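This report refers to the structure that appears directly beneath it.
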């Protein structure tokens, strides 16, 4: 089973380089993740890490005026980003993620699911078991849909609307990797040996 | 309304830089697209052109062994790609797009809808009316969902599974823009004055 | 020996995908290039192709007002490149190469030598003998220097000034590779098998 | 005048984000840099900062086995970089910069000059006075040439050899900017406001 409330709990359990650790605590609390073969666990974290962090801090910033707020309480600010020459990207985060999350009032539950769908990426290269990873993705989204239809009955197209925030998350995610400024927001790509302390 | 059969007919009307022309014919036949402010029509094609083209050829290549097949009948081939130093990206198209479309046997109707959802991108910068473009996207996906419930009732999660092919389409789309080789598959970014004969 | 007039002849013999052909005829005519092991001949052209061609068209454009002029007589134009969304990079070619070439009135002979320095790139990965390639670059620059002291004795720092046009040519060279527009000016990266008809 | 020993002293005065401070102290000690309009001083530093820091750490690493050595005593290590997925670029620094500096035994004085040449980049966008910036460059290189003919009379082509390390320094420089990893080596692009404490 892939119970929504257990994803909700996972999000809560971690509600505020240390980023990585709190990422790993989160992932372990997602149903079944830990039952994946260990190398696949590494791969899925090395692949999704930046999307996962961006999605979290975007949600966190829903109430923040101006910029974004990190879990470490680092408060970034739009102009600080513009001065670092990453304004276009930064505004993208604000407009395509933070704003959209705000206007539809995204649940902590819905966030968890989106990040779980991101986590369970069957397209990540090197997986011993792509098909197992695809099935967990499927169990996350089915559960998310039920959740939306039960909790938000007056909004028939809310599910899809959450889904369609993922291409944006994907663009932003790639672009962030290309400007050193963003190291201050999401660190660099996690190293194998280190992640392997998910063991 | 946003009737799927009219999207299906749009796809068929164009079934085999001439690429741009046939893209434009396609877009015209999507319900309401032409009712958009003309500058918005231009932005939406400039933004989506490459995803729209890759999505098209990927679906066309469902049957093809080895590589991908273009509407001009140029048949590319995996080795040609690897020779050109774009193998990683090329294999991403085959793995994340072509193969997934093949395994799920994507409808020409489902292709049309995904492509229309891509066309009606509310995040495209410069739109005089994002709000209106958002609503058309919403009319497309709702209409695609009923269609999947109608036509594939034994596959509860098929709608989401189609949607979740869009972040892949988005990464592949951006990576393609970074290798000269791909000019031979999708040309370069269309220029406004030129698109402006959607008038 | 590495006699400058033989490089000058090389330049002239080719003075106006066919691009690659005329690049190959050019390199053959550079003293000693053909004495290089044939795999190193391939590597050097595959590495330097884009800078070699940009350098060529930049010099040919010294006279042209507005934009740049290709050997095929394609005349690009500054607006056309800005409409294509590659204005910044195009402007760099005009400002950092074309203009500097014009102000200093670069020789055909000095063009030949710079391009031969670029062709004998000892840093090219996979060379069977980087040391031999280094020595040919050495024979080109020493030969260039004598020629500058002989022909422009009024200008003590002209040699260096020509050399320092190379970091820019390396910048522009890389940036060109990331925008499909430039396929129209330099093609894509040459493929091994094809170049191998240097045999 | 542009006396080489004053550049030598500049290098020495700084011999071991704090990075930027020591960069600023360095620049100030370069003859005439401080005479430049203040806005131009910020531009040249914002433009050259990465090349300047890379070239410094490269030279510092001449003796180090294995990897690179930072002024802060951070000792990076080849496989450390390979694990972070930046092995190709890292190898480039080692082969194209550190190795070549080693084999030719580059002087601290020759380092100073090369870095001065890089600092005095007349191609930097936004300069109020690119002509004045060009002249200081010229005074550095002429001065570097006499120094090389005085100090290394047995090596006629040493000057050109040093110069020809600059395109490499430019390639590496750009590529470094595209991987979050390197924020650990060079921080990100310096901000206007902050550099303006050159005042």
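A short reminder: the numbers here are calculations on the coordinates, not readings from a lab. Cβ: placed from backbone, ideal geometry, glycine included. Neighbour counts: every protein chain shown.
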Under the 7 Å Cα-to-Cβ spin-label approximation, residue A:39 and residue A:151 lie apart by a distance in nanometres of 3.7
Ordering C:125-132, B:51-58 by per-residue average of other C-beta atoms within 10 angstrom, highest first, gives B:51-58, C:125-132
Ordering B:2-14, D:163-175 by per-residue average of other C-beta atoms within 10 angstrom, highest first, gives D:163-175, B:2-14
Shape call for chain A, from the Cα gyration tensor axes a ≥ b ≥ c (a/c under 1.5 means rounded, otherwise prolate when a/b beats b/c, else oblate), comes out oblate
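Before anything else, pin down the relative contact order of region C:120-199: Cα pairs under 8 Å, at least 6 apart, normalised by residue count, whole percent.
14
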Taking the label point 7 Å from Cα along the Cα-Cβ vector, the copy-to-copy distances for residue C:102, listed from shortest in nm with one decimal, are 4.6, 4.8, 5.4
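Can you compute the helix-only [θ] at 222 nm over chain B? Use -39500 (n - 2.57) per DSSP H run of at least 4 residues, normalise by all residues, nearest 500 deg cm²/dmol. Before the final figure, lay out each step's value.
Values: 12 runs with 120 residues, N = 199.
Value at 222 nm, helices only, nearest 500: -17500 deg cm²/dmol.
Rounded if a/c is under 1.5, else prolate if a/b beats b/c, else oblate: with a ≥ b ≥ c from the C-alpha gyration tensor eigenvalues square-rooted, which is region D:1-112? List each step's numbers first, then the result.
Values: a/c = 2.29, a/b = 1.65, b/c = 1.39.
Taking the square roots of the gyration eigenvalues as a ≥ b ≥ c, region D:1-112 is prolate.
Under the rule a/c < 1.5 gives rounded, and otherwise a/b versus b/c splits prolate from oblate, where does the protein assembly as shown land using the Cα gyration tensor? Write down the numbers at each step before the final one.
Values: a/c = 2.03, a/b = 1.53, b/c = 1.33.
Prolate, because a/c is 1.5 or more and a/b exceeds b/c.
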homo-copy label distances at residue A:75 (7 angstrom along Cα-Cβ), nm, one dp, ascending, are 4.2, 5.9, 6.3
Across B:159-165, the residue-averaged tally of Cβ atoms belonging to other chains within 10 Å stands at 6
Taking the alpha-carbon centre of each part, the distance from region B:1-52 to region A:57-73 in Å is 37
For residue C:37, inter-copy label-point distances (7 Å, Cα→Cβ), nm, shortest first, read 4.0, 5.5, 6.4
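Quote the FRET efficiency, to the nearest 0.05, computed for residue A:13 versus residue D:131 with a Förster distance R0 of 51 Å and r equal to the Cβ-Cβ distance. Display every interim value, and only then the final one.
On the way: r = 62 Å, r/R0 = 1.22.
Result of the calculation: an efficiency of 0.25.
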Among residues of chain A, the one whose beta-carbon sits nearest the axis that rotates A onto C, given with its distance in integer Å, is A:178, 6
